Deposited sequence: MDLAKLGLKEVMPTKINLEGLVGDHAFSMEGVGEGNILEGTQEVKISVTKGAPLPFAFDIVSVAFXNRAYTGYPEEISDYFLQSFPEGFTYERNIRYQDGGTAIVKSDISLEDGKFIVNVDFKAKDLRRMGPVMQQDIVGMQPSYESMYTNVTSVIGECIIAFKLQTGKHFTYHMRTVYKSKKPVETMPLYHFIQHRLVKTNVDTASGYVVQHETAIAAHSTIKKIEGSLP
């Protein structure tokens, strides 16, 4: 029962990002909606300070809420159980370039609105890398492994930037999600399949608009009857 959590199936959301890439400080904001039972969302991101960006925008795409995840009945939704109070996450990104990024974010609930406040910090970005070169067209779909560690959930992911040369450039992302309150049941090992795309970007607008679909599921390969594990 969603109403008990203080949530409705369709939730608006506002996000404020404070970021520092290299020695460039910036601040962005996002406005969007989404479906927390089915797992869709669309956010309109604009740069409030630091414009223009001397790097690829898509690095902060994952920084712009796992509440928008379609969890089936046979898998417990750790993020929906985490409300009304909300949940936080600490996220570490290692680009195959060798550069790093840290993303710490708080997701709270205010007047039927997901208030997300996120801090982004990247460094050691390679000069000839796709992030500095801005060769990135967008993100490909991904599979984030989710498992339980005591009272928290851990997701690990390989994100792939598609480049205008057709090549790809990956980064390894590990996120520790922590609910603010305890929850009744922790999930078994599973996956969240993601597809994040840029929808209306073709307009000569000064804002990006991204849409993410995320659906949780177990493996679709049958475990041989009595195998290990």
Absent from the model, numbered along the deposited sequence, are 1, 66
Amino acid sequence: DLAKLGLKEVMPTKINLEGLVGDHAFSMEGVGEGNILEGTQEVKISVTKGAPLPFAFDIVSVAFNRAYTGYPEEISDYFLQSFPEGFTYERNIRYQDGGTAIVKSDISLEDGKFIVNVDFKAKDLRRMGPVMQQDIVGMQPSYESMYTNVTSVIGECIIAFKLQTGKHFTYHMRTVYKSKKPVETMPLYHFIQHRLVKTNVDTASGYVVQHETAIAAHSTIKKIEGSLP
From here on, numbers count along this sequence of modelled residues.
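Here, rigid core means the biggest group of C-alpha atoms that superpose within 1.5 Å across both forms.
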Judged by RMS Cα deviation after a rigid core fit in 4 other deposited structures of this protein, the more variable of 88-96 and 126-134 is 126-134
Once average C-alpha B-factors are taken from the entry for 109-117 and 130-138, the winner is 109-117
By the entry's values, the third containing the CA B factor of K123 is the lowest
Sorting the chain's modelled residues by C-alpha B-factor and splitting them into thirds places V21 in the middle
So, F191's CA B-factor, relative to its chain, sits in which third? The lowest
The third of the chain into which the C-alpha temperature factor of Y171 falls is the middle
Split the chain's modelled residues into thirds by Cα B-factor; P54 lands in the lowest
